[PDB]
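J.: can't give you the sequence, but here's the structure:
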């Protein structure tokens, strides 16, 4: 019933504490082949798979508004990372999964959102982050958020070393509460996987 | 008529001095998917493209029997090379093109061959290298040899860091002759491209 | 979505014509920082103005333009990506002074499929290519811009004036005299 | 003609509307050397101006004309081959001063089937018959010419500014302020 | 333009933006989009420089701000030759089937 | 068991 | 011109 199993490549993630999958803005991808690539683009499926990253430790001291961010893509030491150094242009979506594991005795709430064209938000703007593809994480209800977003931006293809369209954001909505039965803190991890990965301008070898 | 244009990926080679293409042992490839990979293998076309390597300088002093070799695969600083460090198992064929550019006034002959399971040959064995997929290069006739071979070996997939099945071999059959009108020496280069590239066991990042 | 029917009420009919994006953005707005040589950049609109704030309440946008310019001497427009030196030649769209001002229709000329109000990276500041061209004249006194056929994508925060009174933001509303 | 298909690419669709001869030549250009009595000669356009250079990038041409003249007193036009003295009489097309200037449509009146930008021989200089007539007024302040229904024949060299930097000709391209 | 007794093998490569300096050797450039060819009966060869950029259009002019070219480089290498020391390779350029120009301007100083 | 998002 | 080995 409430048990979801996500699979990207030869990697899977089975979440029992899931609310569902939120698809941001659209469920389809703008044609990966446009006039800016002159039909010289290709798809690299070997890169469409999960990679992990620890975001932060959610503690009782962090109040409302505490915000942590992770601009994508980040340094990747795998196949995807190899692509970034071998090609001038790339484009891809993101299958994001964020988990804050504690126990049913913890209280509190986290907002998990994917933001296009990140900009530092002011205290007041934070009250409206729900305008972006998001999902909440509350111990009593779920320990895993799951968001899926497509590629976008002014350009059909991008140079990730100069611009990062999507930015993962996690913000404390209501501080973590603890009992004598609860967990003391909750470590928030991210399980991310790039989607519909396409490369275009093959670069020379650096030697 | 006698003009051949070979294309592998986003790279092409147009040879006017061609004798034709010699396909070694077979024109087909043994099923890339076997029981040893449990259906976890994939094809990486982004790696099926030309890369160059200088073999040696053919001079008048080099007599019959002079042999130069290049075990494949060699160090690759491109996409293919990335694969070798990201996967435990690989398999692929070779589209090989060797060119010895001089001028119609040079005389002499070179034997270009692809050898499975290279072993140092004795002077006597060299008289029989024609038992292997080969082609000759003689200034009066052609300046380019072109051989295509499939993958092979006791194992359906290989670990190139431990074993190199194919070995390119170039041997002087008849020494280079020079006039006052000819070239003084001929530099032999190789234009190689891996074919039907498949990878299997994805390795972790070295950091 | 919940309705008043939950407790016996009845949901009424709504006319959302005035909150239609194309309609609301379709009006003239001022641009305050002006120079004899000015590059048309919509982000130069006031951040709290009806159009300025709504524009900033979106990530990506597209629209053609219509502008009004009160200038001295002749006005010359040049498309996105043109050398600044070009503004000196009549070969480019040039409008000869006719009081009280000049009103023109300009097409979107950026090389991108759409533009952005925020850009996370390098070309802080936005890329130089995010413009509708440049205009030049001896002196430019006023400039009004109007977004025609506007399209907005990916909404972002939009804020009202913050309240201190701890209950309601009160302000003088128009009412008859006497 | 070769394409990117040779190495796996895909040729795209092209819109050549802006490089259409009739379209590109159809715009007003200045004529700098003016006199109270002026013979309309298209070769008097600037050699590097959009229209001037493109015109010179052709051997033979044909087109009707449209002109704008800011003058003092009344303007009188006379056709190709007319005696200069005729410019003094009202019987010839004469336009009475009406601010801010006068805009007229003139037909090609040369006795040749087409005109040339270069002529190898004697009638250096071009034959006197290569003109669109003459105009006269007390004073002529400005003159804009426009080639209508233009036709060009036998292309000739067209040059860009020469580069010294040994790699690329760089110049200030328009971009937002701040 | 060489004589019959001169042969040569060349390589042309498109190096997209994103690298600090252009490849100084055919080996390094081989990983880029490239073409290699012989000089025989047909002394002429044609290569298409592909449009590969983020935007659907690109500027024709170059801004003073531009340090490294925005659209990349084109590199012409000589793999090797045989008795072609004084012989030359003439290079020319034309528009491709899908080449397109838009937004006319009068930029020259007048 | 449950739903799959392959 | 000639043969192709794409």
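T.: That came through, no problem. Residues are numbered from 1 along each chain as shown, chains lettered A, B, ... in the order given.

J.: residues contacting residue 50?
T.: The chain I'm using is chain A. Residues near residue A:50 by Cβ atoms under 8 Å, 6 or more residues apart in numbering or on different chains: A:8-9, A:11, A:13, A:191-193. Using the backbone N, CA and C atoms, a C-beta is placed for each residue, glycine as well.

J.: nope, chain E please
T.: Each residue near residue E:50 by Cβ under 8 Å, 6+ apart is listed here: A:38, A:40, D:4, D:9, E:14, E:33.

J.: and whichever residue of chain C sits closest to chain F, how many residues sit next to it?
T.: Of all residues in chain C, residue C:154 sits closest to chain F, at 23.9 Å by Cβ to the nearest Cβ. Using other Cβ atoms under 10 Å in any protein chain shown, the number of residues around residue C:154 comes to 20.

J.: same deal with residue E:69?
T.: 13.

J.: So it belongs to a strand, correct?
T.: No. Per DSSP: H, G, I helix; E, B strand; the rest coil, residue E:69 lies outside any strand segment and is coil.

J.: shouldn't it be in contact with residue E:17?
T.: Yes. Counting by Cβ atoms under 8 Å, residue E:69 does reach residue E:17; the two are 6.8 Å apart.

J.: how close does residue E:40 get to residue G:2?
T.: Separation of residue E:40 from residue G:2 (Cβ to Cβ, to the nearest Å): 11 Å.

J.: Of the two, which one has the most company?
T.: Comparing residue E:40 with residue G:2 by other Cβ under 10 Å, the one with more neighbours is residue E:40, at 16 against 13.

J.: how close does that one get to chain C?
T.: The gap separating residue E:40 from chain C is 42 Å, by Cβ to the nearest Cβ, to the nearest Å.

J.: Find the residue closest to that residue in space, skipping its chain neighbours.
T.: In space, not counting the residues next to it along the chain, residue E:40 is nearest to residue B:16; the distance is 3.1 Å by Cβ to Cβ, 6 or more residues apart in numbering or on different chains.

J.: and the one you found, how many residues sit next to it?
T.: By the criterion of other Cβ under 10 Å, residue B:16 has 24 neighbours.

J.: Farthest from the middle of chain A: give me that residue.
T.: residue A:207 (33.9 Å; Cα atoms, centre = their mean).

J.: That one and residue B:10: what is the separation?
T.: Distance, residue A:207 to residue B:10, using Cβ to Cβ: 21 Å.

J.: Of the contacts of residue A:50 - the most surrounded one?
T.: Going by other Cβ under 10 Å, residue A:193 tops the contacts of residue A:50 with 24 neighbours.

J.: On the three-state scheme, that residue is what?
T.: strand.

J.: Would you agree it is in contact with residue A:48?
T.: Yes. Assessed by Cβ under 8 Å, residue A:193 is found in contact with residue A:48 at 6.4 Å.

J.: Find residues that contact each of these two.
T.: Here residue A:193 and residue A:48 share the contacting residues A:8-9, scored by Cβ under 8 Å, 6+ apart.

J.: what sits against the residue nearest the centre of chain A?
T.: Nearest to the geometric centre of chain A sits residue A:96, at 3.9 Å (Cα atoms, centre = their mean). Residue A:96 sits next to A:114, A:146-149, A:168, A:190-193 when contact means Cβ under 8 Å, 6+ apart.

J.: From chain C, how far out is the residue in chain E that chain F sits nearest to?
T.: At 30.8 Å from chain F, residue E:54 is the closest residue in chain E, using Cβ to the nearest Cβ. Residue E:54 sits 8 Å away from chain C, going by Cβ to the nearest Cβ.

J.: and the closest residue to that residue other than its chain neighbours, what is it in contact with?
T.: Distances taken as Cβ to Cβ, 6+ apart place residue A:155 nearest to residue E:54, at 3.6 Å, with adjacent residues excluded. By Cβ under 8 Å, 6+ apart, the residues touching residue A:155 are A:36, C:112-113, E:54-55.

J.: Please report phi then psi for the residue in chain E positioned nearest to chain B.
T.: Per Cβ to the nearest Cβ, residue E:40 is where chain E lies closest to chain B, at 3.1 Å. Reported as degrees, to the nearest 10, the phi and psi values for residue E:40 are phi -130, psi -130.

J.: OK, contacts around it?
T.: By Cβ under 8 Å, 6+ apart, the contact list for residue E:40 reads B:3, B:16-17, E:7.

J.: Near chain B, which residues of chain A are found?
T.: A:10, A:40, A:42, A:44-46, A:77-79, A:82, A:86, A:199, A:202, A:205-207 (Cβ under 8 Å from any Cβ of the partner chain).

J.: number of nearby residues for residue A:186?
T.: Number of residues near residue A:186 (other Cβ under 10 Å) recorded here: 23.

J.: Who is it paired with across the strands?
T.: Taking DSSP bridges, one obtains residue A:58 as the residues bridged to residue A:186.

J.: can you pull the contacts of it?
T.: Counting by Cβ under 8 Å, 6+ apart, residue A:186 has contacts A:57-58, A:100-102, A:106, A:139, A:176.

J.: What of residue E:55?
T.: Counting by Cβ under 8 Å, 6+ apart, the residues that residue E:55 touches are A:36, A:154-156, C:111-112, C:129.

J.: In CSV: the contacts of residue E:50, plus neighbour count, distance to residue D:67 and secondary structure.
T.: Converted to CSV, the contacts of residue E:50 look like this (neighbours: other Cβ atoms under 10 Å in any protein chain shown; distance: Cβ to Cβ, whole Å; DSSP: H, G, I helix; E, B strand; the rest coil):
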residue, neighbour count, distance to residue D:67, secondary structure
A:38, 25, 45, coil
A:40, 23, 50, coil
D:4, 24, 46, helix
D:9, 20, 48, coil
E:14, 24, 48, strand
E:33, 27, 51, strand
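
J.: would TSV of those residues with distance to residue B:23 be doable?
T.: As requested, the contacts of residue E:50 are exported to TSV (distance: Cβ to Cβ, whole Å):
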residue	distance to residue B:23
A:38	32
A:40	29
D:4	29
D:9	28
E:14	31
E:33	27
